[PDB]
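Scroll down for the structure; my scribbles are underneath it.
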Amino acid sequence: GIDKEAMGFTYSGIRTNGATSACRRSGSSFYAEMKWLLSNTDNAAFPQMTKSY
Amino acid sequence: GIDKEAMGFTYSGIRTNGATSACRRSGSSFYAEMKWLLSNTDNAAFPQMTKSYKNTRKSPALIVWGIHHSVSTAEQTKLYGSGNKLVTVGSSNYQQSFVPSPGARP
Amino acid sequence: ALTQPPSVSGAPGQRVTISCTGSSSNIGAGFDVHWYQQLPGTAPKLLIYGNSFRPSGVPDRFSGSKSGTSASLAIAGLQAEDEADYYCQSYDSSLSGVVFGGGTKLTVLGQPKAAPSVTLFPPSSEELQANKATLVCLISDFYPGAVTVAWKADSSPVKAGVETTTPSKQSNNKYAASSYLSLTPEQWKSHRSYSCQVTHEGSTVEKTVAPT
Amino acid sequence: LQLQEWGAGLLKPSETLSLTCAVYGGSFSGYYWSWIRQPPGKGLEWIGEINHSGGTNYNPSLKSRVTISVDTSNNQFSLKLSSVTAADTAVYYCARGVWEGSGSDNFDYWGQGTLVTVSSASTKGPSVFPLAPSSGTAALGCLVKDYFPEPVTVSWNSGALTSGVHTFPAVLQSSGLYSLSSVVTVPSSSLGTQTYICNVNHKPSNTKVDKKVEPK
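Residue numbers (this note's numbering), protein chains in the order written: chain L, 269 to 321; chain B, 529 to 634; chain E, 231 to 442; chain P, 41 to 256.
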């Protein structure tokens, strides 16, 4: 079996709510344990980040 | 066992003494059989180079080189100057080209 | 390009924080930030390197960190012997070299907080008749010995001409210092009124003089 | 590991600051060797460094004005700064810098420091102006301005009024000259009748001055 634990990633300056009509959870959703990081507005600059666990 | 032989490389207009404190030999130093190729001064453009070696001996040779992934894009442009970097390696049956991926590792 | 506070208070023991604020080109890159301790009259000694790692001789007290575009030193367990100036240091790529901070002055107990005494003086009538002008800001009776003077023509601050001094022990074992604004007479006449504002821990004393 | 630097002290502008720093207990080529200066007021500036091989790392804002040499043999390394302004008056340290990539990362085992005042001149006398009071009690004083070298006496009425006096410390301005201002607070109702003469005395420049303060 598998027991999960949160790795505690915070984000600032980007969007984290990417979603798709292929992961359909009463609407368009994404993977449960994953976050689809995007940029704030379309074509905006993604800032280089560093996250440890 | 192994027998080493000088590649015979000669460098001009750059720095060949890139070292570190993680490889201690009475203070900072580097790998014994390698050299850390640096720009002649910080942030200066690295001149495109080409060096070559022939294997004159009767047994095959073990050629080992290193691609350096710097902590930050900023550090990369400090050691090797700004702009995209590329290292291509050529032999009779090998041709690969490496692009450094800078970024933080633990 | 490493902006530090000029002063920090503190009672013995209590933890105290020193900011080291930097730009996207010095700490906004992979460049570590280190710290150095300058005791009065002495050379600096190496404090924390590699943003937290302390060398041989540094107590558990000294503890540092780096986050985003800034670093922060922490002195918990303030002894008497911690009276010194602390500097941070890193590498700025825009200057293509190593940069320090302005410095922070560490002051400890025990004479309580003393608000300053500011007496401002406009140019002497005799001096304006030599084609010179000198405004004089006098700062007395404050503790600790750490103040930052700011001059302001009516709204805009004055950058050049200032000749502030290092505070020194009065007889009262308080501190005192003077600041001198050098002005041309037509600069003194062509403004409403010049102000001297001395900044101390929380107090900002704004004395003001005008041409009469 | 000992580290001590010597060389020129006072020098006048447009000259060539030359320093040289000696080491004890270590050896070159392990690390970088740097000169770091500190103005008397505030700040800390890295002017440049060098390794055993003579490989330098210079501050661009001071390049074309700085040259650092290394005496690998004598365990000492030099400093040449070439057209010195008054902005170069500061404390100069030598320090060993930990070689990490290209040039040093931090500095361990700093030197002691030598002061280099770069100002022109000389035994001058003071211009002294009256600090009039305005507008409970008031404050009035004197302004000793552009004198050198210290000290000076700032008596009030030849030594007849100390109660209320506050002589301030001098300020070494960029011109190399000094300046102070001694003030006195006294009752505003008797301002008034009594008269106040400050009698500055400068034995270095032999001069004496007796200027009197009065309101507008």
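Ideal placement from N, C-alpha and C gives every residue a C-beta, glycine not left out.
Where residue i falls: helix, strand or coil (DSSP)
| i | result |
| --- | --- |
| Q400(E) | coil |
| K606(B) | helix |
| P441(E) | coil |
| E416(E) | helix |
| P628(B) | coil |
| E313(E) | coil |
| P227(P) | strand |
| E357(E) | helix |
| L212(P) | coil |
| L41(P) | coil |
| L102(P) | helix |
| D128(P) | helix |
| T601(B) | helix |
| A363(E) | strand |
| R422(E) | coil |
| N241(P) | strand |
| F68(P) | coil |
| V192(P) | coil |
| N583(B) | coil |
| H430(E) | coil |
| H206(P) | strand |
| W564(B) | strand |
| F330(E) | strand |
| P274(E) | strand |
| residue 9(P) | Residue 9(P) cannot be examined here, being either before or after the span of chain P that is shown, 41 to 256. |
| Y559(B) | coil |
| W46(P) | strand |
| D250(P) | strand |
Cutoff 8 angstroms; reference residue i; Cβ partners in own chain excluding five residues on either side
| i | result |
| --- | --- |
| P242(E) | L308, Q309, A310, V338, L339 |
| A344(E) | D371, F372, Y373, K404 |
| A573(B) | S567, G609, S610, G611 |
| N361(E) | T414, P415 |
| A48(P) | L57, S58, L59, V156 |
| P189(P) | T163, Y218, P244 |
Supposed contact pair residue j and residue i - C-beta distance, whole angstroms, cut 8 angstroms
| i | j | result |
| --- | --- | --- |
| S323(E) | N571(B) | 7 angstroms |
| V329(E) | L232(E) | 6 angstroms |
| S144(P) | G137(P) | 3 angstroms |
| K256(P) | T235(P) | The pair is not a contact, with the Cβ atoms about 15 angstroms apart (cut-off 8 angstroms). |
| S412(E) | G391(E) | 4 angstroms |
| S69(P) | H92(P) | 3 angstroms |
Rounded straight-line distance, which links the Cα of residue j to that of residue i
| i | j | result |
| --- | --- | --- |
| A172(P) | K419(E) | 18 angstroms |
| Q319(E) | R292(L) | 51 angstroms |
| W564(B) | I591(B) | 16 angstroms |
| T107(P) | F147(P) | 20 angstroms |
| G555(B) | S408(E) | 48 angstroms |
| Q116(P) | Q316(L) | 44 angstroms |
| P191(P) | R284(E) | 45 angstroms |
| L102(P) | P53(P) | 16 angstroms |
| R633(B) | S549(B) | 18 angstroms |
| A127(P) | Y279(E) | 30 angstroms |
| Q341(E) | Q400(E) | 13 angstroms |
| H597(B) | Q604(B) | 8 angstroms |
| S74(P) | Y581(B) | 38 angstroms |
| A135(P) | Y149(P) | 6 angstroms |
| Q78(P) | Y266(E) | 13 angstroms |
| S386(E) | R422(E) | 11 angstroms |
| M562(B) | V246(E) | 46 angstroms |
| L231(P) | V224(P) | 13 angstroms |
| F261(E) | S326(E) | 12 angstroms |
Sequence-distant residues of the same chain with beta carbon closer than 7 angstroms to residue i, five excluded per side
| i | result |
| --- | --- |
| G165(P) | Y187, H242, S245, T247 |
| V377(E) | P346, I369, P397, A407, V428, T429, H430 |
| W46(P) | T60, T154 |
| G529(B) | none |
Spatial neighbours of residue i in its chain, beta-carbon cut-off 6 angstroms, leaving aside the 5 residues before and after
| i | result |
| --- | --- |
| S162(P) | none |
| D250(P) | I237, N239 |
| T334(E) | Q234, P235, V238, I248, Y316 |
What residues from the region 580 to 608 of chain B come within 8 angstroms of chain E, judged by C-beta to C-beta, listed N to C? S598, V599, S600, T601, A602, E603, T605, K606
Where the region 137 to 148 of chain P meets chain B: residues whose CB sits under 8 angstroms from a CB there: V138, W139, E140, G141, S142, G143, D145
At a Cβ cut of 7 angstroms, what residues of the region 234 to 248 of chain E count as close to chain P, listed as they run along the chain? none
If you measure beta-carbon to beta-carbon, which residues of the region 319 to 338 of chain E are closer than 9 angstroms to chain P? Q319, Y321, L325, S326, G327, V328, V329, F330, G331, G332, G333
Any C-beta of chain B within less than 8 angstroms: which residues of the region 60 to 84 of chain P qualify? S67, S69, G70, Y71
Could you please tell me which residues of the region 210 to 231 of chain P, in chain order, have their CB closer than 9 angstroms to any CB of chain E? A210, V211, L212, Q213, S214, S219, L220, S221, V223, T225
Between the region 388 to 418 of chain E and chain P, which residues of the former have CB atoms less than 8 angstroms from a CB of the latter, in chain order? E393, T394, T395, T396, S398, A406, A407, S408, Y410
Using a Cβ-Cβ cut-off of less than 9 angstroms, give me the residues of the region 352 to 366 of chain E that come near chain P, in sequence order. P352, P353, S354, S355, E356, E357, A360, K362, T364, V366
Residues of the region 251 to 268 of chain E whose Cβ lies closer than 8 angstroms to any Cβ of chain B, in chain order: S255, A259, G260, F261
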